[PDB]
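Chemist: Handing you this structure, nothing more for now.
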Amino acid sequence: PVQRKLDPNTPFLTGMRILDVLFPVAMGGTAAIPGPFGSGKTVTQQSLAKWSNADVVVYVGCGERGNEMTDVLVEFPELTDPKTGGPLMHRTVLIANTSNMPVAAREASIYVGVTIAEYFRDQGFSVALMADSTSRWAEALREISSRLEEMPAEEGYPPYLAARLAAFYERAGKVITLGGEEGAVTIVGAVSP
Amino acid sequence: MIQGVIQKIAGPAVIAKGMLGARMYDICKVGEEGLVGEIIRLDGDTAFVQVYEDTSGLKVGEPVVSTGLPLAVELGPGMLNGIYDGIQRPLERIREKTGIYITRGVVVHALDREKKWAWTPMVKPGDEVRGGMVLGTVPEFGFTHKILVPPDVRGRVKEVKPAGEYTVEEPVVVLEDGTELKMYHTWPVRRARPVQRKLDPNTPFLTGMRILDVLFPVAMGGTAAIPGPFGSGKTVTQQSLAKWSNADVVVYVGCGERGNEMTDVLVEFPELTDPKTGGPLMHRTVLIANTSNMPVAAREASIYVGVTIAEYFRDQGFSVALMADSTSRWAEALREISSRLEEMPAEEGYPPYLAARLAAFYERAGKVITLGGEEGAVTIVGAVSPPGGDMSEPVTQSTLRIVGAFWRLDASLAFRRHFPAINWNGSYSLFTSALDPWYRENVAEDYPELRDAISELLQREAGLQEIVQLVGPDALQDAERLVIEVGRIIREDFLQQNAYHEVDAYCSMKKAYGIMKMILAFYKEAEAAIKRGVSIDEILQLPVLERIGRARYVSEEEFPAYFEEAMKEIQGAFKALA
Amino acid sequence: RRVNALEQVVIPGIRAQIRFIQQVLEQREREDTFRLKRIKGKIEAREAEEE
Amino acid sequence: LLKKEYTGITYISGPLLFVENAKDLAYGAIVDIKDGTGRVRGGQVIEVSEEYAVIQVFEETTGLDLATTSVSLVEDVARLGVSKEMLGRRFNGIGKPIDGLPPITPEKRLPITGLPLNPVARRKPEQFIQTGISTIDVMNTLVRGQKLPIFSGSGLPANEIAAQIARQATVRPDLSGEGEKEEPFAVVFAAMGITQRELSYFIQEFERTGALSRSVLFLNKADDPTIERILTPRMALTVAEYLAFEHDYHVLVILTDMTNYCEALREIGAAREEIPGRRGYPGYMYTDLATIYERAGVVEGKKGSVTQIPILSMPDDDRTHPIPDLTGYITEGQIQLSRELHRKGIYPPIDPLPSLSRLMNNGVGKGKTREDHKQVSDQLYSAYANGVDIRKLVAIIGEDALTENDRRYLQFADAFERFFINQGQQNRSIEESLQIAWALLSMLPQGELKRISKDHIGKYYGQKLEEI
Ligand SMILES: Nc1ncnc2c1ncn2[C@@H]1O[C@H](COP(=O)(O)OP(=O)(O)OP(=O)(O)O)[C@@H](O)[C@H]1O
Ligand SMILES: Nc1ncnc2c1ncn2[C@@H]1O[C@H](COP(=O)(O)OP(=O)(O)O)[C@@H](O)[C@H]1O
Ligand SMILES: [Mg+2]
Ligand SMILES: [Mg+2]
């Protein structure tokens with residue numbers, strides 16, 4: 001719970017010219033970055049994790065490769081936090097669920113990440129949340145609905161697929177917390193058609 | 001065997017009760033009329049059978065009797081000079097007892113049970129026998145038919161029937177354990193016959209046609225596919241291969257062809273003659289014939305009976321060629337059978353396991369050492385008819401991944417009346433390099449380089465087809481016109497073979513080698529004579545070009561004399577004209 | 001120039017669209033066959049095993 | 001240990017059979033099925049309940065009946081007996097010898113499904129592999145621990161390229177500054193859907209090279225049962241993981257055709273009546289492929305490594321088909337063969353534009369191979385992406401638009417396609433491949449080479465063409 005939701009009025013500085021200039025996203029907004037394989041989604045999300053002005057960064061590896069998450073564990077302690085001067089990994093929380101790990105756990109990771117991001121929002125920080133791929137979460141929903149022998153929607157997905165995505169993206173926004181301070185959550189989610 | 005009664009009739013599906021003990025995929029006899037059926041289900045005391053024939057008129061309570069065996073064929077003497085349907089029923093003997101229609105429920109035997117055969121034993125009591133051995137010989141037309149112990153039988157012999165005339169039903173050899181061996185044995189059509197060892201392809205399959213033997217060869221034991229749009233010339237090419245190849249036994253499979261074309265091939269074949277011996281051609285061939293109105297289960301089993309018969313004639317040591325008419329209709333029958341069983345189609349309407357069946361059919365071809373110690377080979381040639389013209393049709397796509405040779409035909413070359421209509425820019429073969437050691441050690445040492453020169457010259461002429469499309473061929477350069485005329489000569493006097501023509505339908509290897517040698521010599525000498533700079537336009541009308549075309553129709557026995565004549569004419573023309 | 005442009009640009013562009021539409025329609029038919037199977041199975045169960 | 005048999009078969013249809021009183025069968029267990037004739041078949045429990053258990057049969061169900069069929073449990077988890085003596089041997093798709101030699105003596109029995117690696121336990125791939133092909137080694141280099149599939153069409157020499165890579169690939173330790181020392185290199189070769197003409201070619205090439213003494217072959221013919229096609233690559237990966245992470249080997253794994261694996265997967269799923277996917281393939285294909293490709297990599301504190309090079313054939317130039325698409329989302333790059341380069345005679349026909357290596361930046365640079373590798377790769381790539389567009393525009397308009405420097409640049413592009421990409425059956429080292437690239441680089445002025453620094457120009461520029 002919160003008190004109020006406010007209109008975003010400050011930019012979310014990502015450090016990339018085309019995204020910061022042509023297509024800005026505000027502190028508390030949402031964004032989606034679709035594309036085929038080998039396009040540049042993961043590198044963009046990792047650059048946002050390195051160079052953004054958010055205080056706390058939560059990274060959710062829903063159903064992707066393991067080397068892409070090992071790179072984060074190796075490289076990040078050797079870098080520098082842009083706004084505090086310490087190690088970069090001291091502000092970052094990782095939720096990892098690779099592609100060969102159990103399928104039903106993909107649904108839990110998204111909710112765990114968004115719950116942690118909301119928790120750090122209540123303390124007055126500015127949180128940036130990155131989801132590696134929501135299409136894997138959709139595939140997990142498809143498999144679970146297939147086990148229940150439910151009637152499918154287009155392309156076999158369950159008909160309540162859009163409601164879950166609406167309930168996930170709605171958690172972002174700049175709010176006034178119950179304690180009186182001001183926090184914000186911004187969500188950038190990659191889609192894999 | 002187990003006997004039961006009917007408790008449900010719904011279309012071609014019949015549910016029987018009391019059938020506890022029946023096995024899957026067995027052949028059952030349904031009703032008082034005796035219709036054949038196949039069991040595909042088991043549930044408690046009941047089993048689901050699927051009737052091949054028409055079920056109209058059946059009543060609940062009629063008996064069902066199981067034969068205890070799956071679909072199988074009878075292998076033995078009497079299969080040559082015969083015509084069979086998809087499940088091995090003799091069409092000639094049915095017509096004798098019934099008429100011009102095929103009444104359902106008729107019972108006939110694949111092998112004539114009342115014909116006497118001469119028997120000559122080759123074993124004595126006290127011997128030990130194992131599956132695949134030879135025990136006895138029987139004369140049959142120009143062949144000698146060998147009696148084989150079935151592959152699944154081993155034992156010790158103490159009984160020999162002496163030399164005399166017996167029917168195939170009479171036992172000839174009785175083993176110590178009570179096993180009686182006859183002149184025939186059964187074998188399921190969907191289980192491949194065992195072999196000792198599978199060999200590599202090292203000997204060519206002599207098709208008798210110049211372009212197929214030289215440019216796109218197939219080895220003994222290989223597989224080839226000949227696709228193309230309708231009206232291309234597949235059937236005549238397959239018949240020419242059946243007539244003139246070096247294979248000992250030919251098997252022809254009709255997978256559901258049109259009635260009039262089946263009548264055409266049924267009438268034409270008895271009039272043909274065997275080129276090896278001069279007798280009728282049907283004395284060495286076995287025909288499997290189906291039309292479009294036959295039961296759909298008989299159409300699916302057509303290609304398995306033929307390949308099982310071909311494997312049987314392989315075990316005796318002969319070389320077998322298996323020609324199969326268009327497998328697209330066989331795939332259509334398979335699709336219909338799958339739709340009868342609700343199999344959730346995957347590709348277009350085809351079942352997901354079409355490629356597995358096609359692979360299982362094509363993998364039986366090969367050169368092997370039989371269980372008796374002899375060597376035999378089986379070659380499979382199949383036809384495809386993609387309706388869309390493009391080779392992206394699912395059956396063609398599945399076939400392209402498991403074949404070694406690919407003889408694509410084109411309809412446009414048929415409109416120009418250039419036959420055979422082989423597209424040399426789309427066809428390919430993967431057997432050239434392996435056949436190269438055989439070629440140079442037997443035909444000639446310079447044969448592969450000469451063949452590569454011919455193919456290179458054909459490739460060069462295809463690169464000039466753009467310039468001909470803008471400007472006329474007369475405005476082209478003298479050397480370019482030279483190579484264009486050489487390509488035209490090569491095409492019209494080397495790649496042409498008319499099949500309806502009486503002496504244009506066959507070509508040996510030595511004739512082709514001599515023609516290629518003459519063509520290369522003429523090309524090289526004319527290329528030098530162009531830079532010689534004398535009569536450069538009159539080079540195209542030299543009298544040597546008559547000798548080049550004359551070698552197409554020269555007899556093989558008269559061929560060396562005309563070869564010397566043409567070579568010395570090339571010498572006397574190019575060396576001493578000017 | 002016009003011949004080369006038509007040969008190299010327009011025809012494969014139309015052909016790809018034709019292929020895409022064919023695949024979509026075939027996938028829709030494959031989807032509805034599954035629903036027909038499910039409703040046939042539901043018809044069989046309730047009309048033969050209830051009491 | 002005592003055995004148990006269940007004879008309560010109640011329903012047989014297609015590939016499935018139902019056993020009534022078998023409550024003590026574990027989920028996913030492996031059973032053997034024996035009928036009245038004594039023939040033994042295989043099966044797996046796919047669904048178990050209180051009323052009955054569902055078992056699918058590995059092969060055809062011909063000859064089975066409800067009167068004499070009995071089902072006996074083999075083991076609860078499908079396991080493979082592995083040993084160090086398997087090097088030099090050949091196995092079928094289920095792990096039995098086919099060479100006629102006596103069967104091995106197992107050391108351990110490992111589950112073939114494996115276990116997921118802990119992301120904390122992995123480490124970053126960093127060591128370069130010299131394959132001998134200039135297009136691969138320079139522009140799309142391969143790193144120990146990578147999974148880099150080869151995208152091929154129908155009628156292209158994928159098998160010959162795979163054999164050449166198997167023959168020529170090794171790591172040179174002296175180039176890395178660590179000093180020269182021998183390292184144990186092994187090859188695990190898995191083949192499925194392979195016809196006899198390809199099987200003989202692979203066996204003959206391996207015997208002629210002499211590489212059979214250090215390789216293990218898993219071969220599955222096209223007329224074999226389709227369950228062995230599913231179970232073939234898992235056993236090869238189980239052997240490779242055991243060797244690499246328990247004997248410090250460096251193992252290179254080649255999967256000959258994944259298109260046949262996907263077709264066999266489609267055949268199995270469609271008989272179990274579940275919802276299909278994009279082109280009839282099952283919807284869980286991504287997870288099933290991920291359980292195969294993700295088993296490679298390196299482990300912290302261990303000297304071993306596993307490298308995968310799958311070969312798959314696209315149905316067309318269709319990059320959007322489900323099989324190469326879902327392969328692209330899991331793997332770390334692709335090497336794509338070009339039909340245009342094959343048509344004009346270039347061998348091997350690797351097209352640099354759709355190709356990509358995602359771990360190139362970690363295995364190149366200062367201290368590894370040579371310090372000019374990345375600069376040379378950038379300079380070699382810098383021409384093609386604009387030269388191809390120039391050639392496309394010329395194919396419509398003509399030669400009128402080209403200037404003189406553009407003519408030089410297109411001549412360099414033609415010489416590039418004729419010399420660098422085309423090498424035939426060569427065995428180039430990385431040093432001589434760099435020398436050939438630099439000899440091509442000396443055909444352009446130093447002022448136009450806008451990528452390489454002038455330190456590298458001052459010590460490598462000016463070499464004339466070497467392969468003539
Ligand atoms: N900003 C960039 N600068 C340089 N190279 C880049 C950049 N973005 C992407 N690349 C290159 O393209 C590759 C794309 O990798 P990336 O993980 O970003 O792709 P992706 O779209 O997430 O793919 P996938 O769906 O397969 O996970 C990188 O490995 C790198 O080689
Ligand atoms: N070698 C040949 N000589 C003469 N005519 C040929 C030859 N090959 C093909 N044709 C012609 O091609 C046509 C197609 O013949 P056929 O094989 O019966 O039909 P399809 O090609 O559709 O199976 C025939 O009319 C025949 O005249
Ligand atoms: Mg990614
Ligand atoms: Mg025809």
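If you're wondering about the labels, chains in the structure tokens are A, B, ... by order shown, residues count from 1 in each chain, ligands from 1 in order shown.
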Would you return as number ranges by chain the members of region 245-440 of chain D that DSSP assigns to strand (DSSP E or B) on this structure's backbone?
Modeler: D: 250-255, 276, 282, 297, 299, 305-313, 333-337, 350, 356-357, 365, 368
Chemist: Go ahead and save the picked residues with C-alpha atoms, as a tab-separated table (two decimals), in the first residue's frame.
Modeler:
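Okay, selection.tsv is ready:
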```
chain	number	residue	atom	x	y	z
D	250	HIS	CA	39.20	-30.54	-22.97
D	251	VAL	CA	36.29	-32.06	-24.88
D	252	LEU	CA	34.75	-30.74	-28.11
D	253	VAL	CA	31.19	-31.96	-28.73
D	254	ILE	CA	29.66	-32.03	-32.22
D	255	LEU	CA	25.96	-32.74	-32.79
D	276	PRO	CA	1.14	-27.81	-30.66
D	282	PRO	CA	5.55	-28.98	-29.22
D	297	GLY	CA	30.79	-24.25	-20.18
D	299	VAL	CA	33.67	-24.51	-13.89
D	305	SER	CA	36.03	-27.44	-20.42
D	306	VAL	CA	33.19	-28.45	-22.76
D	307	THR	CA	32.62	-26.89	-26.19
D	308	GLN	CA	29.59	-27.52	-28.41
D	309	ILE	CA	29.33	-27.03	-32.17
D	310	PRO	CA	25.84	-28.16	-33.27
D	311	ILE	CA	25.10	-28.45	-36.98
D	312	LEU	CA	21.54	-27.88	-38.16
D	313	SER	CA	20.03	-27.58	-41.63
D	333	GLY	CA	26.17	-16.91	-31.84
D	334	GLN	CA	25.88	-18.57	-35.22
D	335	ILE	CA	27.95	-19.38	-38.30
D	336	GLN	CA	25.81	-19.17	-41.43
D	337	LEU	CA	26.68	-20.78	-44.76
D	350	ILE	CA	30.89	-18.75	-44.74
D	356	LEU	CA	28.20	-13.42	-35.05
D	357	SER	CA	30.26	-14.53	-32.06
D	365	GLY	CA	43.15	-8.65	-27.17
D	368	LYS	CA	46.16	-13.60	-26.00
```
Chemist: Counting only C-alpha atoms, collect the residues of chain B whose closest atom lies at most 9 Å from chain D, and write them out as a tab-separated table (two decimals) with N, CA and C atoms, in the first residue's frame.
Modeler:
```
chain	number	residue	atom	x	y	z
B	20	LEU	N	-10.05	-61.82	-26.20
B	20	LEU	CA	-8.92	-61.82	-25.28
B	20	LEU	C	-7.86	-62.79	-25.76
B	21	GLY	N	-6.64	-62.29	-25.95
B	21	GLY	CA	-5.55	-63.06	-26.50
B	21	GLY	C	-5.12	-62.62	-27.88
B	22	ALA	N	-5.89	-61.76	-28.54
B	22	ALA	CA	-5.50	-61.25	-29.85
B	22	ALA	C	-4.36	-60.25	-29.71
B	23	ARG	N	-3.46	-60.27	-30.68
B	23	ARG	CA	-2.27	-59.44	-30.66
B	23	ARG	C	-2.47	-58.21	-31.54
B	24	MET	N	-1.67	-57.18	-31.28
B	24	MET	CA	-1.78	-55.93	-32.02
B	24	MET	C	-1.33	-56.12	-33.46
B	25	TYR	N	-1.99	-55.40	-34.37
B	25	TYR	CA	-1.70	-55.37	-35.80
B	25	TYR	C	-1.82	-56.73	-36.47
B	26	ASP	N	-2.60	-57.65	-35.91
B	26	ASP	CA	-2.86	-58.92	-36.56
B	26	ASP	C	-3.91	-58.75	-37.65
B	40	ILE	N	-6.27	-52.51	-34.44
B	40	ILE	CA	-5.53	-51.47	-33.74
B	40	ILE	C	-6.33	-50.95	-32.56
B	41	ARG	N	-6.35	-51.73	-31.48
B	41	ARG	CA	-6.68	-51.36	-30.10
B	41	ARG	C	-6.69	-52.65	-29.30
B	42	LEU	N	-6.55	-52.51	-27.98
B	42	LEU	CA	-6.86	-53.58	-27.04
B	42	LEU	C	-7.41	-52.93	-25.78
B	43	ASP	N	-8.57	-53.41	-25.33
B	43	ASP	CA	-9.19	-52.86	-24.13
B	43	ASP	C	-10.00	-53.98	-23.46
B	44	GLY	N	-9.40	-54.61	-22.46
B	44	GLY	CA	-10.09	-55.68	-21.76
B	44	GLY	C	-10.38	-56.86	-22.66
B	45	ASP	N	-11.66	-57.21	-22.77
B	45	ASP	CA	-12.10	-58.32	-23.59
B	45	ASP	C	-12.38	-57.91	-25.04
B	69	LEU	N	-1.18	-63.63	-37.20
B	69	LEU	CA	0.02	-63.07	-37.80
B	69	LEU	C	-0.29	-61.70	-38.37
B	70	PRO	N	0.69	-60.80	-38.40
B	70	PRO	CA	0.49	-59.50	-39.03
B	70	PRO	C	0.56	-59.63	-40.55
B	198	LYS	N	27.15	-54.71	-44.54
B	198	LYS	CA	26.75	-53.76	-45.58
B	198	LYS	C	27.99	-53.11	-46.17
B	200	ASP	N	30.28	-50.74	-49.16
B	200	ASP	CA	30.29	-49.40	-49.73
B	200	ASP	C	29.99	-49.46	-51.23
B	201	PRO	N	29.43	-48.39	-51.79
B	201	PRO	CA	29.17	-48.37	-53.24
B	201	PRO	C	30.46	-48.17	-54.02
B	343	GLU	N	-4.76	-38.13	-36.26
B	343	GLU	CA	-3.35	-38.09	-35.86
B	343	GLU	C	-2.77	-36.69	-35.75
B	344	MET	N	-3.60	-35.64	-35.70
B	344	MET	CA	-3.15	-34.26	-35.49
B	344	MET	C	-2.09	-33.82	-36.50
B	345	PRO	N	-2.49	-33.50	-37.73
B	345	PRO	CA	-1.51	-33.24	-38.79
B	345	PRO	C	-0.58	-32.07	-38.48
B	346	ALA	N	0.63	-32.16	-39.03
B	346	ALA	CA	1.71	-31.28	-38.63
B	346	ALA	C	2.11	-30.39	-39.80
B	347	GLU	N	2.46	-30.96	-40.96
B	347	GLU	CA	3.14	-30.15	-41.97
B	347	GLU	C	2.16	-29.41	-42.86
B	351	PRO	N	0.86	-36.59	-41.67
B	351	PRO	CA	1.20	-36.94	-40.29
B	351	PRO	C	2.62	-36.55	-39.97
B	352	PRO	N	2.94	-36.34	-38.69
B	352	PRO	CA	4.31	-35.92	-38.33
B	352	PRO	C	5.38	-36.95	-38.62
B	353	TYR	N	5.01	-38.22	-38.82
B	353	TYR	CA	5.98	-39.29	-39.01
B	353	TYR	C	6.15	-39.68	-40.47
B	355	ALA	N	8.37	-38.45	-42.64
B	355	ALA	CA	9.79	-38.56	-42.94
B	355	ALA	C	10.38	-39.85	-42.40
B	356	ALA	N	9.91	-40.32	-41.24
B	356	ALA	CA	10.38	-41.59	-40.70
B	356	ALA	C	10.03	-42.75	-41.62
B	357	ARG	N	8.80	-42.76	-42.16
B	357	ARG	CA	8.40	-43.83	-43.07
B	357	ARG	C	9.19	-43.76	-44.38
B	359	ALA	N	12.21	-42.54	-44.76
B	359	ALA	CA	13.56	-42.99	-44.46
B	359	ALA	C	13.61	-44.51	-44.31
B	360	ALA	N	12.61	-45.10	-43.66
B	360	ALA	CA	12.59	-46.54	-43.48
B	360	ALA	C	12.42	-47.26	-44.82
B	361	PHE	N	11.75	-46.63	-45.78
B	361	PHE	CA	11.62	-47.23	-47.10
B	361	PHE	C	12.93	-47.15	-47.88
B	363	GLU	N	16.01	-46.78	-46.78
B	363	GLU	CA	17.23	-47.29	-46.15
B	363	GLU	C	17.47	-48.76	-46.46
B	364	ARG	N	16.49	-49.44	-47.06
B	364	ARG	CA	16.67	-50.85	-47.35
B	364	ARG	C	17.58	-51.08	-48.55
B	366	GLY	N	20.86	-51.14	-50.68
B	366	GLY	CA	22.29	-51.18	-50.42
B	366	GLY	C	22.90	-52.44	-50.98
B	392	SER	N	9.74	-27.28	-52.77
B	392	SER	CA	9.48	-27.06	-51.35
B	392	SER	C	8.29	-27.87	-50.85
B	397	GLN	N	10.68	-32.36	-49.95
B	397	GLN	CA	11.63	-31.91	-48.95
B	397	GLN	C	12.11	-33.07	-48.09
B	400	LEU	N	14.48	-35.27	-50.35
B	400	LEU	CA	15.75	-34.68	-50.74
B	400	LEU	C	16.86	-34.94	-49.72
B	401	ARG	N	16.50	-35.25	-48.48
B	401	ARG	CA	17.50	-35.42	-47.43
B	401	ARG	C	18.03	-36.84	-47.32
B	402	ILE	N	17.47	-37.80	-48.07
B	402	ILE	CA	17.86	-39.20	-47.90
B	402	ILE	C	18.18	-39.86	-49.24
B	404	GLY	N	20.75	-40.00	-52.83
B	404	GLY	CA	22.08	-39.71	-53.32
B	404	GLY	C	22.08	-39.02	-54.67
```
Chemist: Tell me, counting only C-alpha atoms, for each residue of chain C within 8 Å of chain B, which pair of atoms is nearest and how far apart they are in Å to one decimal, in rows ordered by chain and increasing number, as a tab-separated table.
Modeler:
```
residue	atom	partner	partner_atom	distance
C:26	CA	B:348	CA	7.3
C:30	CA	B:345	CA	7.3
C:33	CA	B:344	CA	7.5
C:34	CA	B:344	CA	7.7
```
Chemist: Within 7 Å of region 143-158 of chain B, counting only C-alpha atoms, which residues qualify if same-chain residues fewer than 2 places away don't, as an MDAnalysis selection string?
Modeler: chainID B and resid 77 125:141 160 174:176 183 185 316
Chemist: Could you name the residues that touch residue 55 (chain A) at 9 Å or less, counting only C-alpha atoms, but leaving out those on the same chain fewer than 6 positions away, as a list in words?
Modeler: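 Here the qualifying residues turn out to be residues 83, 91, 125, 126, 127 and 128 of chain A.
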Chemist: Write out as a count of residues only every residue belonging to chain A that has an atom at most 12 Å from any atom of chain C, counting only C-alpha atoms.
Modeler: 9
Chemist: Just want the residues within 12 Å of ligand 3, written as a ChimeraX atom specification, counting only C-alpha atoms and all ligand atoms.
Modeler: /A:33-46,60-69,98-99,131-136,189-192 /D:328-333,358
Chemist: Report, in Å to a single decimal, how far apart CA of residue 563 (chain B) and CA of residue 501 (chain B) are.
Modeler: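 About the pair CA of residue 501 (chain B) and CA of residue 563 (chain B): they are 23.4 Å apart.
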Chemist: Could you name the residues that touch region 112-120 of chain A at 10 Å or less, counting only C-alpha atoms, but leaving out those on the same chain fewer than 3 positions away, as a PyMOL selection string?
Modeler: chain A and resi 1+55-61+93-95+107-109+123-131+168-169+171-172+183-187
Chemist: Taking into account only C-alpha atoms, which residue in the set A:27, A:16, A:96, A:2 is nearest to chain D?
Modeler: A:96
Chemist: Could you list, as a PyMOL selection string, all the residues within 7 Å of ligand 2, counting only C-alpha atoms and all ligand atoms?
Modeler: chain B and resi 229-237+414+419-421+497-500
Chemist: Include C-alpha atoms and write out the residues we just selected as a tab-separated table (two decimals), in the first residue's frame.
Modeler:
```tsv
chain	number	residue	atom	x	y	z
B	229	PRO	CA	5.75	-31.34	-63.23
B	230	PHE	CA	3.13	-33.47	-64.95
B	231	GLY	CA	3.83	-34.25	-68.59
B	232	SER	CA	7.61	-34.34	-68.13
B	233	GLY	CA	8.58	-37.90	-69.04
B	234	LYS	CA	9.10	-39.84	-65.81
B	235	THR	CA	7.26	-43.01	-66.88
B	236	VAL	CA	9.09	-43.49	-70.18
B	237	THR	CA	12.47	-42.99	-68.48
B	414	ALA	CA	9.92	-30.98	-73.32
B	419	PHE	CA	14.42	-35.58	-74.71
B	420	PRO	CA	15.32	-36.66	-72.05
B	421	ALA	CA	14.22	-33.42	-70.34
B	497	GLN	CA	18.37	-39.82	-76.63
B	498	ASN	CA	14.89	-40.54	-77.99
B	499	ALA	CA	13.13	-43.38	-76.18
B	500	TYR	CA	10.31	-44.03	-78.67
```
Chemist: Compile the contact shell of residue 100 (chain A) as an MDAnalysis selection string: residues with an atom at most 8 Å away, counting only C-alpha atoms, same-chain residues fewer than 6 positions apart removed.
Modeler: (chainID A and resid 63) or (chainID D and resid 116 287 290:291 294)
Chemist: Quick one: residues within 10 Å of residue 387 (chain D), only C-alpha atoms counted, chain neighbours fewer than 4 positions away excluded, as number ranges by chain?
Modeler: D: 382-383, 391-393, 406, 409-410, 412-414
Chemist: Report as JSON, numbers by chain the set of chain C residues whose atoms approach chain D to within 7 Å, with distances computed over only C-alpha atoms.
Modeler: {"C": [1, 4, 5, 27]}
Chemist: Suppose you want the space between CA of residue 338 (chain B) and CA of residue 27 (chain B); what is it in Å?
Modeler: 18.9 Å
Chemist: My list of candidates is D:288, D:35, D:51, D:207. Which is closest to chain A when distances are computed with only C-alpha atoms?
Modeler: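 Answer, going by the shortest atom-to-atom distance: D:288.
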Chemist: Rank A:31, A:19, A:178, A:89 by their smallest atom-to-atom distance to ligand 1, using only C-alpha atoms and all ligand atoms, and report the top residue only.
Modeler: A:19
